[PDB]
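In what follows, a single structure is set out as C-alpha cells and then discussed.
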Amino acid sequence: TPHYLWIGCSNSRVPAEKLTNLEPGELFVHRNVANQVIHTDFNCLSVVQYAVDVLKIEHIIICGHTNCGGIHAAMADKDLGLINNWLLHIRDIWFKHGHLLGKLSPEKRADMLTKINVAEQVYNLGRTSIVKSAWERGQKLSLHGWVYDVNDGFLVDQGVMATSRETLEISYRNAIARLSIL
Amino acid sequence: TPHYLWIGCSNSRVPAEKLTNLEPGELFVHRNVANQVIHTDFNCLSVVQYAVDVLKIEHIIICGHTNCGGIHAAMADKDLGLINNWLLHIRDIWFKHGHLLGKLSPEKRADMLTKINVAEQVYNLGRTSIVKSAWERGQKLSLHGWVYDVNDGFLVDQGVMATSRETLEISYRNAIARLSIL
Amino acid sequence: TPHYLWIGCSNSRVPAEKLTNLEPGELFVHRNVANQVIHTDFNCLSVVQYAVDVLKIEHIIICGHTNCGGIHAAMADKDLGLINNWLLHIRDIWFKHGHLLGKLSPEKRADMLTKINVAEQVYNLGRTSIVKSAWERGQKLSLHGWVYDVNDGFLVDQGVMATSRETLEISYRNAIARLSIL
Amino acid sequence: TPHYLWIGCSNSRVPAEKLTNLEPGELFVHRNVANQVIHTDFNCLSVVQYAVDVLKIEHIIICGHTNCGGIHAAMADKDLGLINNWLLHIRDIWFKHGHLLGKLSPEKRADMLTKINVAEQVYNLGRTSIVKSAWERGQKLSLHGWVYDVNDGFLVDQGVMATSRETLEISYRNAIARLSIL
C-alpha cells in the first residue's frame, strides 16, 4: 500500500518521490498549479477521498515550493486566460494577508505567499467532510504543510499539522499568527 | 524549464519521473484518479493551459495503467462519495463502448476499459480550446496516449497521437477500430 | 414550501413560473446554459441536493427548449472561449447519437438534439447518488424531462420519467430507442 | 434578445422575472444556492461568458436575499454532503468579516452576511477575465449587487455597482466600509 498522499505543485523542480528518502510507491500523488485544495474541486477532492476512504492513508502532505510560477502569476497583473480563474483563489489569500505582504520587500513577498498558501490549503483540506468524518469515526489521519526550498531542501514549513479538527485550528491560527510577526 | 506535460493516474505505482527517462526539471505533472481530462474540470485544464500557453510545452502524454483502482471502482457498484461523481465520466465511456466490452470476457474488461479511457481522454484533451487554438495559430503540440503495466511495461500499442485536430480524429478512431478487433 | 425543482436553460424565452400554471414560489429553480446536469458540477448538484435532502422536494423537472442558443453553439464550429468547454458535454451526446442526427435534415437536427439532451440529462440526474439514495431510503422522488416548444407550449417531451433507478433505465432506453425510429 | 443577466438564489421566493419589471425575453437567468460567483465554477462562469461575449449583455445583477437557506446552512454546523463544499466559500466570507459579524447580535448576523455576500460575489464577478476583458476592450458593462427581502422589498442600499475595474474597487470597499458602521 501507499502510506502518504502527496498534494504538490505540477512543477518539475518539485519531484515528490525523489526529494524525500521514502520507499518507492509509498506516495499516492496529486499535483495541480500551486498545490491547491479548492472546496469545490472534484479533481483534487477525489484523490483525497480515494486516499482517505479507499486506501486508508494515514497522512496527507500538502507541499508548496519557492519560485513557484503559480504564486508569481497569481500576483502578476496579466491575463493568461483560464489559469487566472484558478489563481484568483491564491489572490484572495494574497489580499486576505495583504497587510503582512504589504510590509515585505517585493520578493520576500513571493516566498511568504508561498508559505501562507500552504497553511491556507491545509486549512481547506482540514474543513473537508472527507477528512472531518474520517476523524470522527476514529480513523488516524494527519495533515501536513511543507514548503520545498527549491534552491536547498525543505522545511516543515509551518506548525500547520492537524490530527483532528481542533488541532487544525490551533495549528493554522498559530501558523498565520507567527508569519505575521517576525 | 519543462518540455513535457504528463497527465497520469495518482496511483503510487505509476510515478511519472521513474517511468520516463527525461532530464530532471523537464516533466510537468498532473495526476488524478484514472487520469481524466473532463471538459469542465478547472484543475486539469488549468494545468494544460499553463503548459501550452505559459510554459510553451510541445508534448502532452496521458498515461493510463492496468489494474487501476479508478477503473475498477467505475465498474463496481459501490458508493464512495465524491469519487462516484468523478467516475461517472468513466462509466459513460464504459457505456459508449458497451457492445465491444460486452463481447469481452469479464476479467479482460478492466484492461480493455483502461485502454479505451486513455484514447478517450486524449480525444477530450484534443478538443480543448487550449489545444485547438495552439494548433490553430500554428504552435507545435503533439498529444500522446499510452498505457503502462506494472508487470510488463508500456503496451507496444501504435495507439494515440495527435499533432492537429484532423490527426486527432484519425488516431482516435483508428485506436477504437483496433481495440474492437477481437 | 416549494414542491418542484426546475432545472431549465438560462435563456429568457423559457420562464418557468409563467409558462406553467403552477402556484407562485412552488418552483425551486436552477438555470444554466442548455439545462445541463454534469456529473462533476457542484453548482447544479448543490441545488439538487438542497432540493432533495433539505427541502424534501418530490419532483425534479429538467426542461429544455427549442431554438436553444446552447444547442446551436454546441453544434457550431466556433470558438466562443469558455462556453465551448461546457458545451463539449452536449457535443459528446451529438456524436453519441450521430447516426440519428446524421440522417435528419440540418435543422430537425437542432430540435432533435434538444430532445435527446433532456433525456441524457435526466439520465445523469438519475445516476446521481443524491437522487439514488433518496430513492433507497424510500423518499418519493420523481424526475421528468420536458421540452418547451418556444413557438408553441411544451410537450412531456419523452417518456423520460423515473421514480426509481430501474424506471430510469426503462424510460431512458425507450426514450432513445423511440427517437432513433419514427 | 436579452439585455440583463440575473444571478440569483435558487430560492422559490426570489423569482427573477417577478421581482423585476423588464420586458419578457430580456432576462437571462442563473440561480444557484446563495447566489455565488465562485472563481472556478464552470457553470456560473459559462453563463456570464455567454452573456457578455455572445449575447453582448451590458448589465449583470447579482440578487441576494434575507432569510436565505444557503446563508443559514453556511453558518450552521450540519453535514449536507455536496452542499457543504459549496458553502465553504460562503463560510470563508463569514471568516473574512468575522470581526464585524463578531460585533453583531446573533440574530442580525444572517442578514449582515447576506449583504456582505452580494458585495463579495460582485467582487468576484468583476475580477473575472470575462468581465475584465469586456471592459479592457471598451465594451459597456455594469455590475449591480442588490439584496431582496420578502417582507420589505429591495433594501434601499447605495450598495454595489461597477462599470470598470477601478469602480469595482471603489464600490466594493465602500460597501464594506458602510456595512462596518454599527
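Going by the order they are written in, the chains are A, B, C and D; count residues from 1 in each one.
To be clear about the criterion, a contact is a pair of C-beta atoms (placed from the backbone, for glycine too) under 8 Å apart; a residue touches a chain by one contact, two chains touch by 3 or more.
Against reference pair B-C, the listed pairs A-D, B-D or A-B yield one interface repeat, A-D (criterion: more than half of contact pairs the same by residue number). Comparing chain pairs A-C and A-D by the number of C-beta pairs in contact, the larger count belongs to A-D.
As a whole-number value, the distance joining the C-alpha centres of subunit C and subunit D reads 26 Å.
If you average the Cα atoms of subunit A and of subunit C, the two centres end up 38 Å apart.
Averaging Cα coordinates per chain places subunit A and subunit D 29 Å apart.
Across the assembly, subunit C contributes 38, 40-42, 45, 81-82, 85-86 as residues in contact with two or more other chains.
Per the touch definition, subunit D reaches subunit B in the complex via residues 40, 42-43, 81-82. Subunit D makes touch with subunit C in their complex at residues 2, 10-13, 15, 17-18, 24-33, 38, 41-47, 49-50, 53-55, 69-70, 73, 80-83, 85-86, 130. By the touch rule above, subunit B contacts subunit C in their complex via residues 38-41, 45, 79, 81, 84-86, 88-89, 91-92, 96, 124, 127-129, 132-133.
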